[PDB]
file structure38.txt (compact mmCIF, N, CA and C atoms)
# COMPACT_ATOMS: atom_id res chain seq x y z
N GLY A 1 14.35 23.75 34.10
CA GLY A 1 15.60 23.62 34.82
C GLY A 1 15.60 24.39 36.12
N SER A 2 16.35 23.89 37.11
CA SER A 2 16.43 24.54 38.41
C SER A 2 17.32 25.78 38.35
N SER A 3 18.59 25.57 38.01
CA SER A 3 19.55 26.66 37.92
C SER A 3 19.02 27.77 37.02
N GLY A 4 19.26 29.02 37.43
CA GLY A 4 18.80 30.15 36.65
C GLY A 4 19.00 31.47 37.38
N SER A 5 17.96 32.29 37.40
CA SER A 5 18.03 33.59 38.07
C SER A 5 18.83 33.50 39.36
N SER A 6 19.53 34.58 39.69
CA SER A 6 20.34 34.63 40.90
C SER A 6 19.46 34.68 42.15
N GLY A 7 19.75 33.80 43.10
CA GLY A 7 18.98 33.76 44.33
C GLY A 7 19.80 34.15 45.55
N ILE A 8 20.59 35.21 45.41
CA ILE A 8 21.43 35.68 46.51
C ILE A 8 20.64 35.75 47.81
N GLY A 9 21.29 35.37 48.91
CA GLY A 9 20.64 35.40 50.20
C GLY A 9 21.30 36.36 51.17
N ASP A 10 21.10 36.13 52.46
CA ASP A 10 21.69 36.99 53.49
C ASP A 10 22.28 36.15 54.62
N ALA A 11 23.57 36.35 54.88
CA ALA A 11 24.26 35.61 55.94
C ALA A 11 23.46 35.65 57.24
N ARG A 12 22.92 36.81 57.57
CA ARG A 12 22.14 36.98 58.79
C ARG A 12 21.09 35.88 58.91
N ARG A 13 20.68 35.34 57.77
CA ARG A 13 19.67 34.28 57.75
C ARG A 13 20.32 32.91 57.91
N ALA A 14 21.54 32.77 57.41
CA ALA A 14 22.27 31.51 57.51
C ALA A 14 22.53 31.14 58.97
N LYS A 15 22.28 29.88 59.30
CA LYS A 15 22.48 29.39 60.66
C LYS A 15 23.59 28.34 60.70
N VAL A 16 24.30 28.27 61.82
CA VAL A 16 25.38 27.31 61.99
C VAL A 16 25.32 26.65 63.36
N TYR A 17 25.27 25.32 63.38
CA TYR A 17 25.21 24.57 64.63
C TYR A 17 26.02 23.28 64.53
N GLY A 18 26.42 22.75 65.68
CA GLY A 18 27.19 21.52 65.70
C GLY A 18 28.08 21.41 66.92
N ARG A 19 29.31 20.94 66.72
CA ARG A 19 30.25 20.79 67.82
C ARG A 19 31.55 21.54 67.53
N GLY A 20 31.88 21.66 66.25
CA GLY A 20 33.10 22.36 65.87
C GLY A 20 32.89 23.85 65.73
N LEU A 21 31.94 24.39 66.48
CA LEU A 21 31.64 25.81 66.44
C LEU A 21 31.77 26.44 67.82
N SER A 22 31.73 25.60 68.85
CA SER A 22 31.85 26.08 70.22
C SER A 22 33.11 25.53 70.88
N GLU A 23 33.16 24.21 71.05
CA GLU A 23 34.31 23.56 71.67
C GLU A 23 34.94 22.55 70.72
N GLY A 24 35.99 21.88 71.18
CA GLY A 24 36.67 20.90 70.36
C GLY A 24 37.87 20.28 71.06
N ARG A 25 38.52 19.34 70.39
CA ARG A 25 39.69 18.67 70.96
C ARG A 25 40.67 18.28 69.86
N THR A 26 41.95 18.16 70.22
CA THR A 26 42.99 17.80 69.27
C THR A 26 42.78 16.38 68.76
N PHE A 27 43.26 16.12 67.55
CA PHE A 27 43.13 14.79 66.94
C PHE A 27 41.70 14.28 67.06
N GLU A 28 40.74 15.16 66.83
CA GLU A 28 39.33 14.79 66.91
C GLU A 28 38.52 15.47 65.81
N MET A 29 37.96 14.67 64.91
CA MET A 29 37.17 15.19 63.80
C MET A 29 35.98 15.99 64.32
N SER A 30 36.01 17.30 64.10
CA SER A 30 34.94 18.18 64.55
C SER A 30 34.28 18.89 63.37
N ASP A 31 33.05 18.51 63.07
CA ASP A 31 32.31 19.11 61.96
C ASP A 31 31.07 19.83 62.46
N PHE A 32 30.36 20.48 61.55
CA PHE A 32 29.15 21.22 61.90
C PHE A 32 28.27 21.45 60.67
N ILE A 33 27.00 21.74 60.90
CA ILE A 33 26.06 21.98 59.82
C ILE A 33 25.93 23.47 59.53
N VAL A 34 25.66 23.80 58.27
CA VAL A 34 25.50 25.19 57.86
C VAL A 34 24.19 25.40 57.11
N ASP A 35 23.18 25.87 57.83
CA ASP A 35 21.87 26.12 57.24
C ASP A 35 21.90 27.35 56.33
N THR A 36 21.75 27.12 55.03
CA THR A 36 21.77 28.20 54.06
C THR A 36 20.46 28.27 53.28
N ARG A 37 19.70 27.18 53.31
CA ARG A 37 18.42 27.12 52.61
C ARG A 37 17.49 28.23 53.09
N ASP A 38 17.61 28.59 54.36
CA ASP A 38 16.78 29.64 54.93
C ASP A 38 17.28 31.02 54.53
N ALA A 39 18.52 31.07 54.03
CA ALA A 39 19.12 32.33 53.61
C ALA A 39 18.86 32.59 52.13
N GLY A 40 19.26 31.63 51.29
CA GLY A 40 19.06 31.78 49.85
C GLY A 40 20.18 31.14 49.05
N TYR A 41 20.85 31.95 48.23
CA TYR A 41 21.95 31.45 47.41
C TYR A 41 23.20 32.31 47.59
N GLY A 42 24.32 31.82 47.07
CA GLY A 42 25.57 32.56 47.18
C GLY A 42 26.75 31.65 47.45
N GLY A 43 27.96 32.19 47.29
CA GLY A 43 29.15 31.40 47.52
C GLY A 43 29.59 31.43 48.97
N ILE A 44 29.92 30.26 49.51
CA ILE A 44 30.36 30.15 50.90
C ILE A 44 31.88 30.02 50.99
N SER A 45 32.49 30.85 51.83
CA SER A 45 33.93 30.83 52.00
C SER A 45 34.30 30.35 53.40
N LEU A 46 35.15 29.33 53.46
CA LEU A 46 35.59 28.77 54.74
C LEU A 46 37.10 28.88 54.89
N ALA A 47 37.55 29.28 56.08
CA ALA A 47 38.97 29.41 56.36
C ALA A 47 39.25 29.31 57.85
N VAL A 48 39.98 28.27 58.24
CA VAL A 48 40.32 28.06 59.64
C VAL A 48 41.76 28.48 59.93
N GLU A 49 41.92 29.42 60.85
CA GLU A 49 43.25 29.91 61.22
C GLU A 49 43.54 29.63 62.69
N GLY A 50 44.44 28.68 62.93
CA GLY A 50 44.80 28.33 64.29
C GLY A 50 46.29 28.15 64.47
N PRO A 51 46.68 27.40 65.52
CA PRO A 51 48.09 27.14 65.82
C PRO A 51 48.75 26.22 64.79
N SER A 52 47.93 25.65 63.92
CA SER A 52 48.43 24.75 62.88
C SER A 52 47.43 24.63 61.74
N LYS A 53 47.85 23.96 60.67
CA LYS A 53 46.99 23.77 59.50
C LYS A 53 46.01 22.62 59.73
N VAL A 54 44.78 22.80 59.27
CA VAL A 54 43.75 21.78 59.41
C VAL A 54 42.96 21.60 58.12
N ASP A 55 42.78 20.35 57.71
CA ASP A 55 42.04 20.05 56.49
C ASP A 55 40.57 20.43 56.64
N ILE A 56 39.94 20.79 55.53
CA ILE A 56 38.53 21.17 55.53
C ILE A 56 37.76 20.46 54.43
N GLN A 57 36.84 19.58 54.83
CA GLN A 57 36.04 18.83 53.87
C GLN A 57 34.58 19.29 53.91
N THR A 58 34.06 19.69 52.76
CA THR A 58 32.68 20.15 52.66
C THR A 58 31.88 19.29 51.69
N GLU A 59 30.56 19.27 51.86
CA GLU A 59 29.69 18.49 51.00
C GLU A 59 28.25 18.99 51.09
N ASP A 60 27.55 18.99 49.96
CA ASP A 60 26.17 19.44 49.92
C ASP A 60 25.22 18.32 50.35
N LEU A 61 24.51 18.55 51.45
CA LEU A 61 23.57 17.56 51.97
C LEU A 61 22.25 17.60 51.20
N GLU A 62 21.37 16.65 51.49
CA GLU A 62 20.08 16.58 50.82
C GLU A 62 19.18 17.73 51.26
N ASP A 63 19.36 18.18 52.50
CA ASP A 63 18.57 19.28 53.04
C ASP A 63 18.95 20.60 52.38
N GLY A 64 20.12 20.62 51.75
CA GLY A 64 20.58 21.83 51.09
C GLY A 64 21.63 22.57 51.90
N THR A 65 21.98 22.01 53.05
CA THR A 65 22.97 22.63 53.93
C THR A 65 24.36 22.05 53.68
N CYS A 66 25.38 22.72 54.20
CA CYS A 66 26.76 22.27 54.04
C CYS A 66 27.36 21.86 55.38
N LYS A 67 28.02 20.71 55.40
CA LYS A 67 28.64 20.21 56.62
C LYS A 67 30.16 20.25 56.52
N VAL A 68 30.77 21.16 57.27
CA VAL A 68 32.22 21.31 57.26
C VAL A 68 32.88 20.35 58.24
N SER A 69 34.02 19.79 57.85
CA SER A 69 34.74 18.85 58.70
C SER A 69 36.24 19.15 58.69
N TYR A 70 36.85 19.08 59.87
CA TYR A 70 38.28 19.35 60.00
C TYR A 70 38.90 18.46 61.08
N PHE A 71 40.23 18.35 61.05
CA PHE A 71 40.95 17.53 62.02
C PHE A 71 42.13 18.30 62.60
N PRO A 72 41.94 18.83 63.82
CA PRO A 72 42.98 19.59 64.52
C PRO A 72 44.14 18.71 64.97
N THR A 73 45.35 19.26 64.90
CA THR A 73 46.55 18.52 65.31
C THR A 73 47.25 19.21 66.47
N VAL A 74 46.96 20.50 66.65
CA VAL A 74 47.57 21.27 67.73
C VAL A 74 46.51 22.08 68.48
N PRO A 75 46.60 22.06 69.82
CA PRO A 75 45.66 22.78 70.69
C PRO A 75 45.85 24.29 70.60
N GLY A 76 44.74 25.02 70.64
CA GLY A 76 44.80 26.47 70.57
C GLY A 76 43.47 27.09 70.20
N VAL A 77 43.51 28.19 69.45
CA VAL A 77 42.30 28.88 69.03
C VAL A 77 42.16 28.87 67.51
N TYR A 78 41.20 28.11 67.01
CA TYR A 78 40.96 28.01 65.57
C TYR A 78 39.86 28.96 65.14
N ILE A 79 40.22 29.94 64.32
CA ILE A 79 39.26 30.92 63.82
C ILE A 79 38.56 30.42 62.56
N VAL A 80 37.31 30.00 62.71
CA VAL A 80 36.53 29.50 61.58
C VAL A 80 35.82 30.64 60.86
N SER A 81 36.42 31.10 59.76
CA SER A 81 35.84 32.19 58.98
C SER A 81 34.70 31.68 58.10
N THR A 82 33.47 31.85 58.58
CA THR A 82 32.30 31.42 57.84
C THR A 82 31.63 32.58 57.12
N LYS A 83 31.68 32.55 55.79
CA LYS A 83 31.08 33.60 54.98
C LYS A 83 30.05 33.03 54.01
N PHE A 84 29.06 33.84 53.67
CA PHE A 84 28.00 33.41 52.75
C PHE A 84 27.52 34.58 51.89
N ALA A 85 27.75 34.48 50.59
CA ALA A 85 27.33 35.52 49.66
C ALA A 85 28.01 36.85 49.99
N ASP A 86 29.30 36.79 50.31
CA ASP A 86 30.06 37.98 50.65
C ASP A 86 29.53 38.62 51.93
N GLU A 87 29.24 37.79 52.93
CA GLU A 87 28.73 38.27 54.21
C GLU A 87 28.97 37.24 55.31
N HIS A 88 29.65 37.67 56.37
CA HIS A 88 29.95 36.79 57.49
C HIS A 88 28.70 36.53 58.32
N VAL A 89 28.47 35.26 58.66
CA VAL A 89 27.31 34.88 59.45
C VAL A 89 27.16 35.77 60.67
N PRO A 90 25.92 35.85 61.19
CA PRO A 90 25.62 36.67 62.37
C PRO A 90 26.23 36.10 63.65
N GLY A 91 27.50 36.41 63.88
CA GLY A 91 28.18 35.93 65.07
C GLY A 91 29.63 35.60 64.81
N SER A 92 30.04 35.68 63.54
CA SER A 92 31.42 35.39 63.16
C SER A 92 32.34 36.55 63.52
N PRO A 93 33.65 36.26 63.59
CA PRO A 93 34.18 34.91 63.34
C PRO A 93 33.81 33.93 64.44
N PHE A 94 34.10 32.65 64.21
CA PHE A 94 33.79 31.61 65.19
C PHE A 94 35.06 31.17 65.92
N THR A 95 35.18 31.58 67.18
CA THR A 95 36.34 31.23 67.99
C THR A 95 36.14 29.88 68.67
N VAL A 96 36.77 28.85 68.13
CA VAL A 96 36.66 27.50 68.69
C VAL A 96 37.90 27.15 69.50
N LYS A 97 37.72 27.04 70.82
CA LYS A 97 38.82 26.70 71.71
C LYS A 97 39.03 25.19 71.78
N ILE A 98 40.18 24.74 71.30
CA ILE A 98 40.50 23.31 71.31
C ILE A 98 41.30 22.94 72.55
N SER A 99 40.96 21.80 73.15
CA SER A 99 41.65 21.33 74.34
C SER A 99 42.46 20.07 74.04
N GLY A 100 43.71 20.05 74.50
CA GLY A 100 44.56 18.90 74.27
C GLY A 100 44.29 17.77 75.26
N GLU A 101 45.32 16.96 75.52
CA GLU A 101 45.19 15.85 76.44
C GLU A 101 44.67 16.32 77.80
N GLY A 102 44.39 15.37 78.69
CA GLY A 102 43.89 15.71 80.00
C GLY A 102 42.38 15.79 80.05
N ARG A 103 41.71 14.66 79.86
CA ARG A 103 40.26 14.61 79.88
C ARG A 103 39.70 15.46 81.01
N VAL A 104 38.47 15.95 80.83
CA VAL A 104 37.82 16.78 81.84
C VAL A 104 38.03 16.21 83.24
N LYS A 105 37.97 14.88 83.35
CA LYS A 105 38.16 14.21 84.63
C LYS A 105 38.65 12.78 84.43
N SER A 106 39.37 12.27 85.42
CA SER A 106 39.90 10.91 85.35
C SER A 106 39.10 9.96 86.23
N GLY A 107 38.93 10.35 87.50
CA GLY A 107 38.18 9.52 88.43
C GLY A 107 38.65 9.69 89.86
N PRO A 108 38.25 10.80 90.50
CA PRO A 108 38.62 11.10 91.88
C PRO A 108 37.96 10.16 92.88
N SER A 109 37.10 9.28 92.37
CA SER A 109 36.39 8.33 93.22
C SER A 109 36.72 6.89 92.82
N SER A 110 37.51 6.22 93.65
CA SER A 110 37.90 4.84 93.38
C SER A 110 36.69 3.99 93.02
N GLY A 111 36.74 3.35 91.86
CA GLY A 111 35.64 2.51 91.42
C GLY A 111 34.88 3.11 90.26
call {"tool": "encode", "arguments": {"input": "structure38.txt", "output": "C-alpha cells"}}
result
Amino acid sequence: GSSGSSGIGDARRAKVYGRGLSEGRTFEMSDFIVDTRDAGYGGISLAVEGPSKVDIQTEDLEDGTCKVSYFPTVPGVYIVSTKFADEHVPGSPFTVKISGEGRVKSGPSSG
C-alpha cells in the first residue's frame, strides 16, 4: 500500500505559479498550480481575504499538485493564505491585486 509512514514536507520547498498569484480581474476565474511533490506531505490550508467573499475549488492533479480556483466579484486586494504542513510558502502571504472594468487599453489609434 502507498499510504503509511508520515511524509511531512517543507513549505519552503513547495512552489506556486499561475495567474491568480500575481495579478487578476473581477468576474474572472483565476486559478494557479501548487507544487507540493517537491516538498513532501502535509495538510494544505487555503484562505482568501479580500473586499468580498470568493469561492475556492481545489483538486488533486495527476502530477500530485493542487490547483486552486476562485471567482472574484469585487475589485481590491485578495490575500491568498497558502499554507503547507503548518508552514506558509516561501513568499506568503500572496497579495493579488484585482482590477475592475477599464481594460488596459481601448484603442488610441483609429483602426
call {"tool": "closest_residue", "arguments": {"input": "structure38.txt", "among": "A:33, A:41, A:87, A:109", "to": "residue 58 of chain A", "atoms": "only C-alpha atoms"}}
result
A:33
call {"tool": "closest_atom_pairs", "arguments": {"input": "structure38.txt", "of": "segment 32-109 of chain A", "to": "segment 8-12 of chain A", "cutoff": "6 Å", "atoms": "all atoms listed in the file", "output": "JSON lines"}}
result
{"residue": "A:39", "atom": "C", "partner": "A:9", "partner_atom": "CA", "distance": 3.8}
{"residue": "A:40", "atom": "CA", "partner": "A:9", "partner_atom": "CA", "distance": 4.0}
{"residue": "A:41", "atom": "N", "partner": "A:9", "partner_atom": "N", "distance": 3.5}
{"residue": "A:42", "atom": "N", "partner": "A:8", "partner_atom": "CA", "distance": 4.9}
{"residue": "A:84", "atom": "C", "partner": "A:11", "partner_atom": "N", "distance": 5.3}
{"residue": "A:87", "atom": "C", "partner": "A:11", "partner_atom": "CA", "distance": 5.0}
{"residue": "A:88", "atom": "C", "partner": "A:11", "partner_atom": "CA", "distance": 5.1}
{"residue": "A:89", "atom": "CA", "partner": "A:11", "partner_atom": "C", "distance": 4.5}
{"residue": "A:90", "atom": "N", "partner": "A:12", "partner_atom": "CA", "distance": 4.6}
call {"tool": "residues_around", "arguments": {"input": "structure38.txt", "residues": "residue 98 of chain A", "least_positions_apart": "3", "cutoff": "7 Å", "atoms": "all atoms listed in the file", "output": "PyMOL selection string"}}
result
chain A and resi 23-26+74-78
call {"tool": "closest_residue", "arguments": {"input": "structure38.txt", "among": "A:97, A:103, A:15, A:53", "to": "residue 72 of chain A", "atoms": "all atoms listed in the file"}}
result
A:53
call {"tool": "closest_residue", "arguments": {"input": "structure38.txt", "among": "A:79, A:16, A:68, A:46", "to": "residue 31 of chain A", "atoms": "only C-alpha atoms"}}
result
A:68
call {"tool": "atom_distance", "arguments": {"input": "structure38.txt", "atom1": "atom N of residue 44 of chain A", "atom2": "atom CA of residue 6 of chain A"}}
result
13.6 Å
call {"tool": "residues_around", "arguments": {"input": "structure38.txt", "residues": "residue 32 of chain A", "least_positions_apart": "4", "cutoff": "7 Å", "atoms": "all atoms listed in the file", "output": "JSON, numbers by chain"}}
result
{"A": [16, 17, 18, 19, 20, 21, 66, 67, 68, 69, 70]}
call {"tool": "select_by_dssp", "arguments": {"input": "structure38.txt", "residues": "chain A", "states": "strand (DSSP E)", "output": "ChimeraX atom specification"}}
result
/A:15-18,23-25,30-35,44-49,56-57,66-70,77-84,94-99
call {"tool": "closest_residue", "arguments": {"input": "structure38.txt", "among": "A:92, A:65, A:35, A:108", "to": "residue 47 of chain A", "atoms": "only C-alpha atoms"}}
result
A:92
call {"tool": "atom_distance", "arguments": {"input": "structure38.txt", "atom1": "atom CA of residue 1 of chain A", "atom2": "atom C of residue 57 of chain A"}}
result
27.3 Å
call {"tool": "atom_distance", "arguments": {"input": "structure38.txt", "atom1": "atom C of residue 50 of chain A", "atom2": "atom CA of residue 86 of chain A"}}
result
23.5 Å
call {"tool": "closest_residue", "arguments": {"input": "structure38.txt", "among": "A:22, A:111, A:59, A:73", "to": "residue 96 of chain A", "atoms": "all atoms listed in the file"}}
result
A:22
call {"tool": "closest_residue", "arguments": {"input": "structure38.txt", "among": "A:110, A:36, A:60, A:48", "to": "residue 7 of chain A", "atoms": "only C-alpha atoms"}}
result
A:36
